[PDB]
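In what follows, one protein chain appears twice in different forms, each by itself as C-alpha coordinates: structure 1 and structure 2.
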Structure 1
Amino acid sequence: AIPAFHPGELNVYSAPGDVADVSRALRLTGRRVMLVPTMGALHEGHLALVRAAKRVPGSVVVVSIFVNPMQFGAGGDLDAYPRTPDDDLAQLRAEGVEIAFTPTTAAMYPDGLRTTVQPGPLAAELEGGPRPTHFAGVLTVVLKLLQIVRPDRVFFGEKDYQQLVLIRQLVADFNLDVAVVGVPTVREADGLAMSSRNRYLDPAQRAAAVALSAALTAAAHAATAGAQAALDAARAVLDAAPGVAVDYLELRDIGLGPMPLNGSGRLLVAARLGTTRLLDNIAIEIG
(Lines of atoms letter the chains of each structure in order from A and count residues from 1; the text may use other names and numbers.)
(Lines give C-alpha, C1' and ligand atoms only; values in the text may rest on other atoms or scores of the structure.)
Protein backbone atom coordinates (compact mmCIF):
# COMPACT_ATOMS: atom_id res chain seq x y z
CA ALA A 1 0.00 0.00 0.00
CA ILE A 2 1.15 3.54 -0.79
CA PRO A 3 1.28 5.84 2.26
CA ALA A 4 -1.36 8.51 2.65
CA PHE A 5 -1.00 11.83 0.83
CA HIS A 6 -3.34 14.80 1.53
CA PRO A 7 -3.20 17.33 -1.32
CA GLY A 8 -3.04 20.99 -0.32
CA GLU A 9 -1.51 20.07 3.02
CA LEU A 10 1.99 19.61 4.39
CA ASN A 11 2.55 15.85 4.55
CA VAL A 12 5.60 14.94 6.62
CA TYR A 13 7.45 11.65 6.04
CA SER A 14 10.54 10.43 7.86
CA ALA A 15 10.96 7.05 6.18
CA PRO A 16 12.85 7.10 2.89
CA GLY A 17 10.60 4.33 1.58
CA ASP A 18 7.51 6.38 2.34
CA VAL A 19 8.57 9.51 0.46
CA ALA A 20 9.92 7.30 -2.36
CA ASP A 21 6.51 5.60 -2.70
CA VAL A 22 4.48 8.83 -2.52
CA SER A 23 6.79 10.56 -5.00
CA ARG A 24 6.44 7.65 -7.43
CA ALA A 25 2.63 7.55 -7.03
CA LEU A 26 2.35 11.32 -7.53
CA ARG A 27 4.51 11.35 -10.66
CA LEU A 28 2.15 8.76 -12.12
CA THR A 29 -0.81 11.01 -11.25
CA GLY A 30 0.27 13.99 -13.33
CA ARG A 31 2.59 15.87 -11.00
CA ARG A 32 6.18 16.96 -11.56
CA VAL A 33 8.20 16.32 -8.42
CA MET A 34 10.45 19.20 -7.42
CA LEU A 35 13.13 18.61 -4.73
CA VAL A 36 14.54 21.35 -2.49
CA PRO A 37 17.30 19.92 -0.30
CA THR A 38 17.96 21.72 2.99
CA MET A 39 19.48 21.22 6.42
CA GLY A 40 16.64 23.08 8.15
CA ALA A 41 16.86 26.39 10.02
CA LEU A 42 15.01 27.88 7.05
CA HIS A 43 15.33 31.50 5.93
CA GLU A 44 14.17 33.68 3.01
CA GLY A 45 16.95 32.17 0.91
CA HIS A 46 15.39 28.71 1.29
CA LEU A 47 11.95 30.18 0.61
CA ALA A 48 13.18 31.51 -2.73
CA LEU A 49 14.18 27.93 -3.64
CA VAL A 50 10.70 26.77 -2.58
CA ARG A 51 9.02 29.45 -4.64
CA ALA A 52 11.11 28.59 -7.70
CA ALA A 53 9.96 24.97 -7.40
CA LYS A 54 6.32 25.93 -6.77
CA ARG A 55 6.05 27.92 -9.98
CA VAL A 56 6.68 24.91 -12.25
CA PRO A 57 3.23 23.90 -13.61
CA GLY A 58 1.99 20.64 -12.06
CA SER A 59 4.61 20.81 -9.32
CA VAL A 60 4.46 18.96 -6.05
CA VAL A 61 7.25 20.31 -3.92
CA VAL A 62 9.39 18.05 -1.73
CA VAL A 63 11.57 19.88 0.82
CA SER A 64 14.06 17.65 2.59
CA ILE A 65 15.27 18.69 6.03
CA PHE A 66 18.31 16.71 7.09
CA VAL A 67 21.42 17.84 8.92
CA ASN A 68 23.88 15.58 7.07
CA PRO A 69 26.70 14.59 9.41
CA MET A 70 28.94 13.53 6.54
CA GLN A 71 29.51 17.12 5.45
CA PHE A 72 30.53 18.41 8.83
CA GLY A 73 34.28 18.55 9.18
CA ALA A 74 36.04 16.45 11.80
CA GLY A 75 36.02 19.88 13.45
CA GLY A 76 32.66 21.11 12.16
CA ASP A 77 30.02 21.29 14.88
CA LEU A 78 27.15 18.95 14.05
CA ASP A 79 25.52 19.38 17.49
CA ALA A 80 25.74 23.20 17.44
CA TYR A 81 23.83 23.29 14.17
CA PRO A 82 20.50 25.15 14.54
CA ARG A 83 17.36 23.02 14.74
CA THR A 84 13.92 24.64 14.56
CA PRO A 85 11.75 21.76 13.22
CA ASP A 86 8.34 23.12 14.18
CA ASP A 87 9.17 26.59 12.90
CA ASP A 88 10.60 25.12 9.70
CA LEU A 89 7.47 23.10 9.01
CA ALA A 90 5.34 26.19 9.70
CA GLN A 91 7.22 28.14 7.07
CA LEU A 92 6.70 25.29 4.60
CA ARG A 93 2.92 25.15 5.32
CA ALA A 94 2.80 28.92 4.87
CA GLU A 95 4.43 28.44 1.45
CA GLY A 96 1.99 25.78 0.32
CA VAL A 97 4.55 22.99 0.35
CA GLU A 98 2.94 19.56 0.24
CA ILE A 99 5.82 17.29 1.24
CA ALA A 100 8.55 17.55 3.90
CA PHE A 101 11.06 14.72 4.10
CA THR A 102 12.64 14.56 7.57
CA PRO A 103 14.83 11.40 7.84
CA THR A 104 16.90 10.43 10.85
CA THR A 105 20.67 9.97 10.45
CA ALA A 106 20.04 6.27 11.06
CA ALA A 107 17.54 6.02 8.21
CA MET A 108 19.91 7.79 5.79
CA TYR A 109 23.02 5.91 6.85
CA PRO A 110 21.75 2.50 8.10
CA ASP A 111 25.10 0.89 7.30
CA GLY A 112 27.22 3.83 8.37
CA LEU A 113 29.65 5.35 5.87
CA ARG A 114 30.39 2.65 3.31
CA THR A 115 29.95 3.35 -0.43
CA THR A 116 30.40 7.12 -0.97
CA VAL A 117 30.78 9.68 -3.72
CA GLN A 118 34.30 10.88 -4.53
CA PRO A 119 34.09 14.37 -6.12
CA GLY A 120 36.45 15.49 -8.88
CA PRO A 121 39.43 17.78 -8.03
CA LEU A 122 37.37 20.94 -7.81
CA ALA A 123 36.25 19.65 -4.41
CA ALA A 124 39.78 20.17 -3.01
CA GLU A 125 39.84 23.81 -4.09
CA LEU A 126 38.36 26.99 -2.63
CA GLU A 127 36.10 25.76 0.18
CA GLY A 128 37.77 22.38 -0.08
CA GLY A 129 40.98 23.90 1.22
CA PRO A 130 39.96 24.16 4.90
CA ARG A 131 37.29 21.45 4.53
CA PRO A 132 38.72 18.72 2.22
CA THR A 133 35.99 16.13 2.90
CA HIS A 134 33.05 18.55 2.88
CA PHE A 135 31.83 18.14 -0.70
CA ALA A 136 32.16 14.34 -0.65
CA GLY A 137 29.62 14.57 2.18
CA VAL A 138 27.41 16.93 0.17
CA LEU A 139 27.48 14.91 -3.05
CA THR A 140 26.85 11.61 -1.25
CA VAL A 141 23.72 12.87 0.50
CA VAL A 142 22.47 14.70 -2.57
CA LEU A 143 22.86 11.58 -4.74
CA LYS A 144 20.91 9.59 -2.13
CA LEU A 145 18.16 12.26 -1.93
CA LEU A 146 17.89 12.20 -5.72
CA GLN A 147 17.50 8.41 -5.77
CA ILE A 148 14.96 8.38 -2.93
CA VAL A 149 12.77 11.23 -4.26
CA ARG A 150 13.44 10.87 -8.00
CA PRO A 151 12.54 14.48 -8.76
CA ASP A 152 12.20 15.98 -12.24
CA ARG A 153 14.07 19.06 -11.05
CA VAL A 154 16.26 19.78 -8.03
CA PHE A 155 16.84 23.31 -6.69
CA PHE A 156 20.03 24.74 -5.22
CA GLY A 157 21.03 28.27 -4.27
CA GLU A 158 23.78 30.07 -6.22
CA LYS A 159 24.95 31.32 -2.83
CA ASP A 160 26.93 28.09 -2.45
CA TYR A 161 28.20 28.28 -5.98
CA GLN A 162 30.99 25.74 -5.74
CA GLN A 163 28.51 23.32 -4.21
CA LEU A 164 26.12 23.99 -7.13
CA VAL A 165 28.86 23.40 -9.74
CA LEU A 166 29.91 20.15 -8.08
CA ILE A 167 26.32 18.94 -8.09
CA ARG A 168 26.13 19.78 -11.79
CA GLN A 169 29.29 17.58 -12.20
CA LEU A 170 27.70 14.78 -10.16
CA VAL A 171 24.61 14.87 -12.43
CA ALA A 172 26.62 14.86 -15.68
CA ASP A 173 29.21 12.30 -14.53
CA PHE A 174 26.72 9.78 -13.18
CA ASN A 175 24.23 10.32 -16.02
CA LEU A 176 21.49 11.42 -13.63
CA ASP A 177 18.14 12.15 -15.21
CA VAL A 178 17.25 15.31 -13.28
CA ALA A 179 17.46 19.00 -14.19
CA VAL A 180 19.56 21.09 -11.76
CA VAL A 181 18.19 24.58 -11.23
CA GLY A 182 20.36 27.25 -9.65
CA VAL A 183 18.44 30.05 -7.87
CA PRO A 184 19.96 33.54 -7.45
CA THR A 185 21.25 34.50 -4.04
CA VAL A 186 18.78 36.20 -1.71
CA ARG A 187 20.38 39.21 0.02
CA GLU A 188 19.63 41.54 2.92
CA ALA A 189 18.86 45.21 2.01
CA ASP A 190 22.51 46.18 2.08
CA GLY A 191 23.59 43.23 -0.11
CA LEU A 192 24.80 40.71 2.50
CA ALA A 193 24.04 37.19 1.28
CA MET A 194 21.40 35.66 3.62
CA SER A 195 22.76 32.89 5.81
CA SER A 196 22.00 31.42 9.23
CA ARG A 197 25.54 32.52 10.20
CA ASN A 198 24.90 36.23 9.85
CA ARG A 199 23.28 36.35 13.30
CA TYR A 200 26.64 35.48 14.86
CA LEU A 201 28.18 38.79 13.71
CA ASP A 202 28.47 41.58 16.29
CA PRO A 203 27.61 45.10 15.03
CA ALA A 204 31.10 46.04 13.81
CA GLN A 205 31.43 42.70 12.05
CA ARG A 206 27.99 42.99 10.49
CA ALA A 207 28.78 46.41 9.08
CA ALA A 208 32.16 45.20 7.81
CA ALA A 209 30.56 42.12 6.22
CA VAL A 210 28.79 44.35 3.65
CA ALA A 211 32.29 44.55 2.07
CA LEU A 212 31.95 41.07 0.50
CA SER A 213 28.89 41.87 -1.59
CA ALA A 214 30.05 45.46 -2.22
CA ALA A 215 33.41 44.11 -3.47
CA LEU A 216 31.70 41.65 -5.81
CA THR A 217 29.24 44.12 -7.27
CA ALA A 218 31.98 46.75 -7.75
CA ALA A 219 34.01 44.06 -9.51
CA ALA A 220 31.07 43.16 -11.77
CA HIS A 221 30.87 46.75 -13.00
CA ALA A 222 34.62 47.35 -13.09
CA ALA A 223 34.81 44.31 -15.43
CA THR A 224 34.22 46.37 -18.60
CA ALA A 225 37.83 47.37 -17.98
CA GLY A 226 39.14 43.78 -17.87
CA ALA A 227 39.79 40.90 -15.46
CA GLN A 228 42.54 42.65 -13.56
CA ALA A 229 40.44 45.79 -13.05
CA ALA A 230 37.59 43.71 -11.64
CA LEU A 231 39.91 41.90 -9.24
CA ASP A 232 41.69 45.05 -8.06
CA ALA A 233 38.36 46.80 -7.51
CA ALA A 234 37.04 43.93 -5.36
CA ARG A 235 40.31 43.77 -3.44
CA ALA A 236 40.22 47.54 -2.74
CA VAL A 237 36.72 47.25 -1.23
CA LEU A 238 37.72 44.27 0.98
CA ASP A 239 40.83 46.29 1.97
CA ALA A 240 38.58 49.14 3.15
CA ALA A 241 36.95 46.96 5.83
CA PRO A 242 38.35 46.18 9.30
CA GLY A 243 38.43 42.63 10.78
CA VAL A 244 37.78 40.85 7.46
CA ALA A 245 40.37 38.08 6.92
CA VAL A 246 40.10 37.14 3.25
CA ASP A 247 40.80 33.46 2.64
CA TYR A 248 40.39 33.73 -1.11
CA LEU A 249 39.18 36.01 -3.89
CA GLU A 250 39.22 34.23 -7.24
CA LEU A 251 37.83 34.87 -10.71
CA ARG A 252 37.11 31.57 -12.57
CA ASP A 253 35.03 30.54 -15.58
CA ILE A 254 31.42 29.56 -14.83
CA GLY A 255 32.31 25.90 -14.28
CA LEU A 256 35.05 27.05 -11.89
CA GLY A 257 37.83 26.23 -14.29
CA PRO A 258 40.54 28.79 -15.22
CA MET A 259 39.00 32.14 -16.03
CA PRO A 260 39.46 33.54 -19.54
CA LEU A 261 40.63 37.13 -19.94
CA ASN A 262 37.30 37.63 -21.74
CA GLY A 263 33.76 36.23 -21.56
CA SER A 264 31.59 34.92 -18.71
CA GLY A 265 33.00 34.00 -15.32
CA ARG A 266 32.31 33.87 -11.59
CA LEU A 267 34.11 35.84 -8.89
CA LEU A 268 34.14 34.08 -5.52
CA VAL A 269 35.21 35.28 -2.14
CA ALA A 270 35.49 33.81 1.39
CA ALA A 271 36.46 35.66 4.56
CA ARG A 272 36.57 35.19 8.30
CA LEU A 273 35.08 37.81 10.63
CA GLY A 274 35.98 36.82 14.17
CA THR A 275 35.00 33.15 14.28
CA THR A 276 32.42 33.36 11.46
CA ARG A 277 33.21 32.34 7.88
CA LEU A 278 31.22 34.15 5.19
CA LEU A 279 31.08 33.40 1.47
CA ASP A 280 29.70 35.20 -1.57
CA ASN A 281 30.06 35.04 -5.35
CA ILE A 282 28.77 36.82 -8.41
CA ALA A 283 28.46 36.46 -12.19
CA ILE A 284 31.11 38.46 -14.04
CA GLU A 285 31.18 39.40 -17.76
CA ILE A 286 34.70 40.35 -18.86
CA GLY A 287 35.09 43.21 -21.30
Structure 2
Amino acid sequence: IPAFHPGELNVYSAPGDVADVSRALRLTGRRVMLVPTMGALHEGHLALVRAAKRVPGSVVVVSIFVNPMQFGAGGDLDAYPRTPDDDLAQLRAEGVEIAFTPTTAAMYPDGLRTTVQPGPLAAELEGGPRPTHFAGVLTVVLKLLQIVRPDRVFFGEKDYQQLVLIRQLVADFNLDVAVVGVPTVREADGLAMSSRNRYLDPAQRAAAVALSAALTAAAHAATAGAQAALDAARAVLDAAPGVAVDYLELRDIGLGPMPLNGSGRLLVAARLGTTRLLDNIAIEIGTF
Protein backbone atom coordinates (compact mmCIF):
# COMPACT_ATOMS: atom_id res chain seq x y z
CA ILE A 1 0.00 0.00 0.00
CA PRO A 2 1.38 3.43 -1.03
CA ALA A 3 1.12 6.45 1.24
CA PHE A 4 -2.41 7.68 1.93
CA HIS A 5 -2.93 10.82 4.00
CA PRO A 6 -6.60 11.11 5.05
CA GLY A 7 -8.34 14.43 4.71
CA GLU A 8 -5.95 15.48 1.91
CA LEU A 9 -5.83 15.03 -1.87
CA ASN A 10 -3.75 11.97 -2.65
CA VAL A 11 -2.69 11.60 -6.30
CA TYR A 12 -1.86 8.21 -7.81
CA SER A 13 -0.88 7.49 -11.39
CA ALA A 14 -0.23 3.75 -11.13
CA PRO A 15 -3.34 1.57 -11.46
CA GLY A 16 -1.74 -0.84 -8.99
CA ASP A 17 -1.37 1.93 -6.38
CA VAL A 18 -4.93 3.22 -6.47
CA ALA A 19 -6.13 -0.41 -6.49
CA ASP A 20 -4.19 -1.22 -3.32
CA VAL A 21 -5.31 1.94 -1.53
CA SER A 22 -8.94 1.40 -2.57
CA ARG A 23 -8.99 -2.22 -1.36
CA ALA A 24 -7.26 -1.18 1.87
CA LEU A 25 -9.98 1.43 2.42
CA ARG A 26 -12.73 -0.99 1.50
CA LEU A 27 -11.34 -3.57 3.96
CA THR A 28 -11.49 -1.00 6.79
CA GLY A 29 -15.13 -0.26 6.09
CA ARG A 30 -14.99 3.00 4.10
CA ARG A 31 -17.29 3.01 1.05
CA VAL A 32 -15.42 3.86 -2.13
CA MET A 33 -17.10 6.26 -4.55
CA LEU A 34 -15.83 6.63 -8.16
CA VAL A 35 -16.34 9.64 -10.36
CA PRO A 36 -14.89 9.08 -13.86
CA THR A 37 -13.81 12.21 -15.76
CA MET A 38 -11.49 13.28 -18.58
CA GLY A 39 -10.35 16.41 -16.69
CA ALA A 40 -10.95 20.12 -17.56
CA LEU A 41 -13.26 20.12 -14.55
CA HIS A 42 -16.17 22.55 -14.17
CA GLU A 43 -19.30 22.75 -11.99
CA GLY A 44 -21.00 19.93 -13.84
CA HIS A 45 -18.25 17.55 -12.77
CA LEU A 46 -18.30 18.95 -9.23
CA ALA A 47 -21.98 18.07 -8.76
CA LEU A 48 -20.92 14.45 -9.30
CA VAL A 49 -18.10 14.93 -6.80
CA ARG A 50 -20.49 16.48 -4.28
CA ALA A 51 -23.03 13.67 -4.81
CA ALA A 52 -20.31 11.11 -4.10
CA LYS A 53 -19.08 13.04 -1.09
CA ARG A 54 -22.44 13.07 0.69
CA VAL A 55 -22.54 9.27 0.87
CA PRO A 56 -21.89 8.38 4.57
CA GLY A 57 -18.41 7.02 5.30
CA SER A 58 -17.37 7.47 1.70
CA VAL A 59 -13.94 8.02 0.27
CA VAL A 60 -14.09 9.76 -3.13
CA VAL A 61 -11.95 8.69 -6.01
CA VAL A 62 -11.91 10.98 -9.06
CA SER A 63 -10.28 9.60 -12.21
CA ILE A 64 -8.84 12.05 -14.75
CA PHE A 65 -7.85 10.30 -17.97
CA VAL A 66 -8.41 11.58 -21.48
CA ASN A 67 -9.27 8.17 -22.92
CA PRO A 68 -7.72 7.80 -26.43
CA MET A 69 -10.02 4.94 -27.32
CA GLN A 70 -13.21 7.00 -27.37
CA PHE A 71 -11.75 9.51 -29.75
CA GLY A 72 -12.48 8.97 -33.42
CA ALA A 73 -9.23 10.57 -34.57
CA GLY A 74 -5.88 11.97 -33.51
CA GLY A 75 -7.09 15.52 -34.11
CA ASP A 76 -9.94 15.38 -31.60
CA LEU A 77 -7.70 13.72 -29.04
CA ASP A 78 -5.02 16.41 -29.32
CA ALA A 79 -7.65 19.20 -29.23
CA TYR A 80 -9.32 18.01 -25.99
CA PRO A 81 -8.84 20.62 -23.27
CA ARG A 82 -6.38 19.84 -20.52
CA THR A 83 -6.11 21.88 -17.32
CA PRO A 84 -4.29 19.56 -14.82
CA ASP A 85 -3.42 22.23 -12.26
CA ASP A 86 -6.87 23.78 -12.10
CA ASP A 87 -8.37 20.27 -11.96
CA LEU A 88 -6.42 19.19 -8.85
CA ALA A 89 -6.97 22.57 -7.11
CA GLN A 90 -10.70 22.16 -7.60
CA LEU A 91 -10.52 18.59 -6.25
CA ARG A 92 -8.61 19.78 -3.20
CA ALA A 93 -11.18 22.53 -2.63
CA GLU A 94 -13.98 19.93 -2.74
CA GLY A 95 -12.30 17.78 -0.11
CA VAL A 96 -11.65 14.86 -2.51
CA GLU A 97 -9.05 12.53 -1.06
CA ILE A 98 -8.11 10.54 -4.15
CA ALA A 99 -7.34 11.58 -7.72
CA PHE A 100 -6.41 8.69 -10.08
CA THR A 101 -4.37 10.02 -13.07
CA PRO A 102 -3.14 7.09 -15.19
CA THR A 103 -0.97 7.32 -18.29
CA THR A 104 -2.10 5.96 -21.63
CA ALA A 105 0.66 3.29 -21.44
CA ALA A 106 -0.50 2.02 -18.03
CA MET A 107 -4.10 1.77 -19.35
CA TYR A 108 -3.33 0.32 -22.80
CA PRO A 109 0.03 -1.51 -22.46
CA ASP A 110 -1.18 -3.89 -25.13
CA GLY A 111 -2.95 -1.36 -27.30
CA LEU A 112 -6.46 -2.40 -28.33
CA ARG A 113 -6.68 -6.10 -27.59
CA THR A 114 -9.65 -7.38 -25.53
CA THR A 115 -12.39 -4.68 -25.66
CA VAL A 116 -16.02 -4.14 -24.79
CA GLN A 117 -18.56 -4.45 -27.60
CA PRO A 118 -21.68 -2.35 -26.59
CA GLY A 119 -25.19 -3.39 -27.63
CA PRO A 120 -27.12 -1.78 -30.59
CA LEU A 121 -27.70 1.50 -28.70
CA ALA A 122 -24.02 2.35 -29.30
CA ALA A 123 -24.61 2.68 -33.07
CA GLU A 124 -27.38 5.24 -32.61
CA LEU A 125 -27.66 8.93 -31.74
CA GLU A 126 -24.04 10.00 -30.93
CA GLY A 127 -22.75 6.58 -31.98
CA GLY A 128 -24.23 6.80 -35.48
CA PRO A 129 -21.31 8.66 -37.15
CA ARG A 130 -18.79 7.56 -34.45
CA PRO A 131 -19.18 3.73 -34.49
CA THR A 132 -16.33 3.06 -32.05
CA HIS A 133 -17.02 5.87 -29.60
CA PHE A 134 -19.06 3.94 -27.00
CA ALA A 135 -16.92 0.82 -27.14
CA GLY A 136 -14.07 3.18 -26.13
CA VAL A 137 -16.13 4.58 -23.29
CA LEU A 138 -17.38 1.19 -21.95
CA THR A 139 -13.93 -0.38 -22.27
CA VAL A 140 -12.26 2.32 -20.18
CA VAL A 141 -15.11 2.48 -17.66
CA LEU A 142 -15.04 -1.29 -17.23
CA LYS A 143 -11.26 -1.08 -16.56
CA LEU A 144 -11.71 1.82 -14.13
CA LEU A 145 -14.39 -0.17 -12.28
CA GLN A 146 -12.06 -3.16 -11.98
CA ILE A 147 -9.05 -1.10 -10.83
CA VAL A 148 -10.93 1.02 -8.28
CA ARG A 149 -13.78 -1.42 -7.45
CA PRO A 150 -16.11 1.25 -6.04
CA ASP A 151 -19.43 0.62 -4.27
CA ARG A 152 -20.90 3.40 -6.44
CA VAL A 153 -19.90 5.13 -9.69
CA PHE A 154 -21.37 8.52 -10.72
CA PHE A 155 -22.34 9.71 -14.16
CA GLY A 156 -24.08 12.87 -15.32
CA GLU A 157 -27.48 12.91 -17.02
CA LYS A 158 -25.84 15.42 -19.41
CA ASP A 159 -24.42 12.49 -21.35
CA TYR A 160 -27.63 10.52 -20.99
CA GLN A 161 -26.86 7.93 -23.74
CA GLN A 162 -23.51 7.26 -22.08
CA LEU A 163 -25.29 6.83 -18.71
CA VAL A 164 -27.81 4.36 -20.20
CA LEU A 165 -24.98 2.36 -21.82
CA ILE A 166 -23.10 2.20 -18.52
CA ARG A 167 -26.22 0.83 -16.82
CA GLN A 168 -26.29 -1.84 -19.57
CA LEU A 169 -22.65 -2.57 -19.02
CA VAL A 170 -23.19 -3.03 -15.31
CA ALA A 171 -26.26 -5.18 -15.81
CA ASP A 172 -24.89 -7.31 -18.68
CA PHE A 173 -21.56 -8.12 -17.05
CA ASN A 174 -23.10 -8.55 -13.56
CA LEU A 175 -20.86 -5.78 -12.15
CA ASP A 176 -21.33 -5.34 -8.41
CA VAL A 177 -21.57 -1.56 -8.32
CA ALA A 178 -24.47 0.85 -8.12
CA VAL A 179 -24.69 3.38 -10.98
CA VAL A 180 -25.73 6.85 -9.79
CA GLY A 181 -27.05 9.33 -12.33
CA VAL A 182 -26.63 13.00 -11.39
CA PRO A 183 -28.88 15.74 -12.85
CA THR A 184 -27.47 18.14 -15.39
CA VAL A 185 -25.83 21.27 -14.03
CA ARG A 186 -26.77 24.34 -16.09
CA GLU A 187 -25.64 27.95 -16.39
CA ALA A 188 -28.05 30.63 -15.09
CA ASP A 189 -29.80 30.85 -18.48
CA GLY A 190 -30.22 27.07 -18.88
CA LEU A 191 -27.12 26.23 -20.96
CA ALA A 192 -25.94 22.77 -19.94
CA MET A 193 -22.42 23.04 -18.53
CA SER A 194 -19.76 21.50 -20.72
CA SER A 195 -16.04 21.74 -21.26
CA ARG A 196 -16.95 22.61 -24.86
CA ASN A 197 -18.78 25.85 -23.93
CA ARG A 198 -15.37 27.54 -23.78
CA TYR A 199 -15.32 27.23 -27.64
CA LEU A 200 -18.38 29.45 -28.10
CA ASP A 201 -17.67 33.12 -28.83
CA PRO A 202 -20.01 35.80 -27.35
CA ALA A 203 -22.60 35.53 -30.11
CA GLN A 204 -22.69 31.69 -30.13
CA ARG A 205 -22.80 31.62 -26.37
CA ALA A 206 -25.91 33.79 -26.61
CA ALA A 207 -27.48 31.58 -29.28
CA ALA A 208 -26.66 28.38 -27.41
CA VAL A 209 -29.42 29.12 -24.91
CA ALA A 210 -31.88 27.85 -27.58
CA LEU A 211 -31.04 24.21 -26.87
CA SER A 212 -32.18 24.29 -23.20
CA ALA A 213 -35.06 26.72 -24.01
CA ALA A 214 -36.23 24.38 -26.83
CA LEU A 215 -36.14 21.40 -24.51
CA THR A 216 -37.92 22.97 -21.54
CA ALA A 217 -40.50 24.44 -23.95
CA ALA A 218 -40.99 20.92 -25.26
CA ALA A 219 -41.31 19.47 -21.76
CA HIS A 220 -44.23 21.80 -21.05
CA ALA A 221 -45.84 21.56 -24.48
CA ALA A 222 -45.85 17.76 -23.95
CA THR A 223 -49.19 17.87 -22.15
CA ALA A 224 -50.56 18.27 -25.67
CA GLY A 225 -48.68 15.26 -27.02
CA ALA A 226 -45.42 14.20 -28.69
CA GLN A 227 -45.92 16.19 -31.88
CA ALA A 228 -46.65 19.36 -29.95
CA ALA A 229 -43.54 18.85 -27.82
CA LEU A 230 -41.36 18.21 -30.88
CA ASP A 231 -42.72 21.12 -32.94
CA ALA A 232 -42.34 23.53 -29.98
CA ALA A 233 -38.69 22.52 -29.61
CA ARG A 234 -38.14 22.86 -33.35
CA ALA A 235 -39.69 26.33 -33.46
CA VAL A 236 -37.28 27.50 -30.75
CA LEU A 237 -34.25 26.00 -32.50
CA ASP A 238 -35.38 27.47 -35.85
CA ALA A 239 -35.59 30.94 -34.33
CA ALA A 240 -31.99 30.67 -33.05
CA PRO A 241 -29.24 32.41 -35.07
CA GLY A 242 -26.41 30.20 -36.22
CA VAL A 243 -27.73 26.96 -34.74
CA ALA A 244 -27.51 23.89 -36.99
CA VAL A 245 -29.53 21.05 -35.59
CA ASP A 246 -27.86 17.67 -35.96
CA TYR A 247 -30.70 15.65 -34.44
CA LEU A 248 -33.72 16.20 -32.17
CA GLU A 249 -35.32 12.96 -31.00
CA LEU A 250 -37.85 11.80 -28.48
CA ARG A 251 -37.23 8.33 -27.04
CA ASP A 252 -38.25 5.95 -24.30
CA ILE A 253 -36.15 6.60 -21.16
CA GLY A 254 -34.03 3.51 -21.76
CA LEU A 255 -33.30 4.52 -25.38
CA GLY A 256 -33.78 0.84 -26.29
CA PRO A 257 -35.97 -1.19 -28.75
CA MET A 258 -39.12 0.20 -27.13
CA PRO A 259 -41.55 2.86 -28.40
CA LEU A 260 -41.96 6.06 -26.44
CA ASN A 261 -44.95 5.46 -24.13
CA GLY A 262 -45.59 8.20 -21.59
CA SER A 263 -42.19 8.83 -19.97
CA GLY A 264 -39.30 9.53 -22.29
CA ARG A 265 -36.28 11.62 -23.01
CA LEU A 266 -35.93 14.45 -25.61
CA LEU A 267 -32.36 14.67 -26.94
CA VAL A 268 -30.80 17.31 -29.13
CA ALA A 269 -27.37 17.91 -30.68
CA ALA A 270 -26.54 21.00 -32.67
CA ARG A 271 -23.56 22.86 -34.06
CA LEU A 272 -22.68 26.47 -33.42
CA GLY A 273 -19.67 27.22 -35.63
CA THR A 274 -17.47 24.12 -35.18
CA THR A 275 -18.78 23.46 -31.67
CA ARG A 276 -21.17 20.55 -31.24
CA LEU A 277 -23.38 20.95 -28.16
CA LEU A 278 -25.71 18.36 -26.60
CA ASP A 279 -28.66 18.51 -24.24
CA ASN A 280 -31.53 16.30 -23.13
CA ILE A 281 -34.44 16.47 -20.75
CA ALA A 282 -37.00 14.16 -19.15
CA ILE A 283 -40.38 14.40 -20.88
CA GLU A 284 -43.86 13.19 -19.77
CA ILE A 285 -46.38 12.90 -22.58
CA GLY A 286 -49.89 13.91 -21.60
CA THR A 287 -48.76 14.68 -18.04
CA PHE A 288 -49.15 18.21 -16.60
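Numbering for residues begins at 1 and runs along the sequence of structure 1. Only residues modelled in both forms are compared. We call the rigid core the largest set of C-alpha positions that still match within 1.5 Å between the two forms.
Engineer: Which residue, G76, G96, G120, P184, is displaced 2 Å or more at the Cα between the two structures after superposing the core?
Structural biologist: Just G76.
Engineer: Is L261 among the residues whose Cα moves by 2 Å or more between the two structures after superposition of the rigid core?
Structural biologist: Result for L261: yes, a 2 Å-plus shift.
Engineer: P130: how large is its C-alpha shift between the two structures, with the rigid core as the superposition reference, in Å?
Structural biologist: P130 C-alpha displacement between the two structures, core-aligned: 2.1 Å.
Engineer: Can you give me the Cα shift for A208 between the two structures? Core-superposed, in angstrom, one decimal please.
Structural biologist: Here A208 registers a C-alpha shift of 1.1 Å.
Engineer: By how many angstrom does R24 shift at its CA between the two structures when the core is held fixed?
Structural biologist: Between its two positions, the C-alpha of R24 lies 0.3 Å apart after core fitting.
Engineer: Core fitted, what stretches of 3+ consecutive residues have C-alphas moving by 2 Å or more between the two structures?
Structural biologist: Moving regions between the two structures: 74-76, 257-262.
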